[PDB]
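Computed over heavy atoms, backbone and side chain alike; hydrogens, waters and symmetry mates excluded. One is the number of the first residue; the rest follow in order along the sequence.
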Amino acid sequence: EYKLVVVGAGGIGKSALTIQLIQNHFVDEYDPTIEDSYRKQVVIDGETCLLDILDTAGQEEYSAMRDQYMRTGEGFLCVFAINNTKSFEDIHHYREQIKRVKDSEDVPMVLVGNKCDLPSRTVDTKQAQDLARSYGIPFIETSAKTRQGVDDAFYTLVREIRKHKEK
Ligand SMILES: Nc1nc2c(ncn2[C@@H]2O[C@H](COP(=O)(O)OP(=O)(O)O)[C@@H](O)[C@H]2O)c(=O)[nH]1
């Protein structure tokens, strides 16, 4: 199973994106070794995927689990909101923490600019493309409200993980 982690500042749509992905892609699978014989699973681009959201503020200011999410995750959606400059400024620290915890210079990641439906844009596409280029990763704009780009962001992350697992 591919282990995907959605990371970013609070209030940017991480939960909204993940819920929309599950809604579109969950299936009920027959498994007679499980108690009730059926389990829900998310399948993305033919791969069974596990999904987790990493917040560090709010209730998660009190959590002991940040580094554990980073060690377990195999690929990361690094999310900001296009109407939240601070959330964009927060990206670098998240990426640096992931790289430090995983002790790897090759961590599958996709940069995601959410809320692209909103007219109040303070982070330009070019700013985000430049950041993604520096990191060597894809950038995609999404809206959980209108659904634009949501599947594409996760499908792209799955391909990034697949390439990493190949070699
Ligand atoms: N306009 C708009 N609002 C969104 C979008 N995604 C999330 N929201 C709203 O942003 C707020 C925070 O979303 P949430 O999923 O709780 O963010 P989280 O803290 O990152 O998990 C909620 O009121 C959502 O309805 C989006 O793409 N567009």
Qualifying residues under side chain to side chain contact (heavy atoms under 4.5 Å, CB included), relative to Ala128, sequence neighbours excluded:
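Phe80, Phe88, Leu111, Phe139.
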Partners of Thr56 by side chain to side chain contact (heavy atoms under 4.5 Å, CB included), sequence neighbours excluded?
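Side chain to side chain contact (heavy atoms under 4.5 Å, CB included) check on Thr56 returns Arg66, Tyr94.
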Can you list every side chain to side chain donor-acceptor pair (under 3.5 Å) pair that touches residues 2-19, not counting sequence neighbours?
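Listed once each, the pairs are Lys14-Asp55.
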Sequence neighbours excluded, every pair satisfying ring-ring contact (aromatic ring centres under 6.0 Å, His included) that has a member inside residues 97-126
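Every candidate ring-ring contact (aromatic ring centres under 6.0 Å, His included) pair involving residues 97-126 fails, so no pair, neighbours aside, qualifies.
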Enumerate the ring-ring contact (aromatic ring centres under 6.0 Å, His included) contacts for residues 17-48, please, sequence neighbours excluded, ordered by first and then second residue.
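Those involving residues 17-48 are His25-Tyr155, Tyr30-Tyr38.
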What pairs with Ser87 under side-chain hydrogen bond (donor to acceptor under 3.5 Å, both in side chains), at least two apart in sequence or on another chain?
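Residues passing side-chain hydrogen bond (donor to acceptor under 3.5 Å, both in side chains) with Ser87: none at all.
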Applying side-chain hydrogen bond (donor to acceptor under 3.5 Å, both in side chains), name anything that partners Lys145, two or more places apart in sequence or on another chain.
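Once residues adjacent in sequence are excluded, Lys145 has no partner under the side-chain hydrogen bond (donor to acceptor under 3.5 Å, both in side chains) criterion.
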Is it the case that over 12 heavy atoms from other parts of the model lie below 6.0 angstrom from the [atom1] atom of [X]?
X      : atom1 : value
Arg159 : CZ    : no
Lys163 : NZ    : yes
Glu96  : CD    : yes

Under the salt bridge (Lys or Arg N to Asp or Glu O under 4.0 Å) rule, what pairs show up with a residue in residues 101-113, not counting sequence neighbours?
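Non-adjacent pairs meeting salt bridge (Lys or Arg N to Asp or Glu O under 4.0 Å): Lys99-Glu105.
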Assigning hydrophobic clusters by single linkage (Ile, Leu, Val, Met, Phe, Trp, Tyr; side-chain heavy-atom cutoff under 4.5 Å), is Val158 placed with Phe76?
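No, because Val158 and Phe76 fall into different hydrophobic clusters, even though each may have its own neighbours under 4.5 Å.
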Could you list the cluster mates of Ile19? Members are the ILVMFWY residues connected by side-chain heavy atoms closer than 4.5 Å, either directly or through other members.
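Members other than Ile19 - counting any ILVMFWY side chain reachable under 4.5 Å - there are none.
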In the hydrophobic clustering that connects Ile, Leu, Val, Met, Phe, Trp and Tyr at side-chain heavy-atom distances below 4.5 Å, which members other than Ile34 occupy its cluster, ordered by chain and number?
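Via sub-4.5 Å side-chain contacts, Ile34 links to none.
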Tell me which one of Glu74, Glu1, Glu47 satisfies salt bridge (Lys or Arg N to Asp or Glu O under 4.0 Å) with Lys165.
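For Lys165, the salt bridge (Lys or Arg N to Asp or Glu O under 4.0 Å) test succeeds with only one of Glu74, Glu1, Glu47, which is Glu74.
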Scan side-chain atoms only and decide if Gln97 and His93 contain a donor-acceptor pair under the 3.5 Å cut-off.
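Indeed, the side chains of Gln97 and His93 share at least one donor-acceptor pair under 3.5 Å.
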With sequence neighbours excluded, residues passing salt bridge (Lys or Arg N to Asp or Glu O under 4.0 Å) with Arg121
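With neighbours one apart ignored, the set is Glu141.
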Tell me every residue that passes salt bridge (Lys or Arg N to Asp or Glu O under 4.0 Å) with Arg39, counting only those two or more places apart in sequence or in another chain.
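Salt bridge (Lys or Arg N to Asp or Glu O under 4.0 Å) check on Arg39 returns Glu29, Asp31.
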